[PDB]
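Next up is one chain by itself, shown in structure tokens, the form deposited without the ligand.
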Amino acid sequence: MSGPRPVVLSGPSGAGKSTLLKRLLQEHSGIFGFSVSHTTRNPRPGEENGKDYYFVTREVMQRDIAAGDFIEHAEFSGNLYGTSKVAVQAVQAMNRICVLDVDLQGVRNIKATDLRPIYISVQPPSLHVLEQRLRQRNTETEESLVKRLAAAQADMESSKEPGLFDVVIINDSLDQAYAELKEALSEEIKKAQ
């Protein structure tokens, strides 16, 4: 619909997509806006309601799902996540480029919509490096960690699927990965300016 072409980032959680989006929204806040997803998982230290996520209960999400409030939703490692219609509309109303981060299920969901995004996957240099990065903040139970590593492996395997992602970025250095994110969006950034 109306507004510039949206941007969908995916890849394993913890491998860089969220940090890179945060950096992009700091540097180019006049050009981009972030879609604030709903989730039923608990907040981590430093996360902010209405900025990182809308943190709601399952009961509340289910009411909103039943009302048709969501573009897409997914179950991931025991919790529910989703992109509300209003989250994307808020950015489009600002005439900004909407940026989203979602899992592989979300990528497939959005492929079936009319949003016509560019799709960028952000990969860790290895599963081993991802696991080390995750165990630093150590926000997950062991059961969740197991589900998350399984999902990360599936994600990496699918990143090379023909036609799925427009660009696949390997995040060995955040400065380098961030340059490559802007590279993929350079025409859109120039036009917005």
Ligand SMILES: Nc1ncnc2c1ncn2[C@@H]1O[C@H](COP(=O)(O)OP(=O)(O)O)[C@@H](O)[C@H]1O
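Numbers for residues come from their place in the sequence shown, where the first is 1. By rigid core we mean the largest C-alpha set that fits within 1.5 Å across both forms. Residues that one form lacks are left out of the comparison.
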Entry B factor averaged over C-alpha atoms, 31-39 against 162-170: higher for 162-170
Per the PDB entry, mean CA B-factor is higher for 96-104 or 114-122, namely for 114-122
Residue set 132, 49, 57, 139, per-entry CA B-factor max assigned to 132
Here the Cα B-factor of residue 128, set against its chain, lands in the third termed highest
So, residue 63's CA B-factor, relative to its chain, sits in which third? The middle
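One more form of this protein exists, namely the form solved in complex with the ligand; it is left out here, but the text below deals with it.
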Site for the ligand on the shown form, pose borrowed in the deposited complex via C-alpha superposition, classified at 2.4 angstroms from backbone or C-beta (3+ atoms blocks) as blocked
_Is residue 153 part of the interface with the ligand in the deposited complex - any heavy atom within 4.5 Å?_
no
Considering non-hydrogen atoms and a 4.5 Å limit, does the ligand approach residue 126 in the deposited complex? no
Report whether the minimum heavy atom distance between residue 137 and the ligand in the deposited complex is within 4.5 Å.
yes
Discussion item. When the contact criterion is heavy atoms within 4.5 Å, does residue 147 count as touching the ligand in the deposited complex?
Written reply: no
Rigid-core overlay between the shown form and the other one puts runs of three or more residues with Cα moved 2 angstroms or more at 190-193
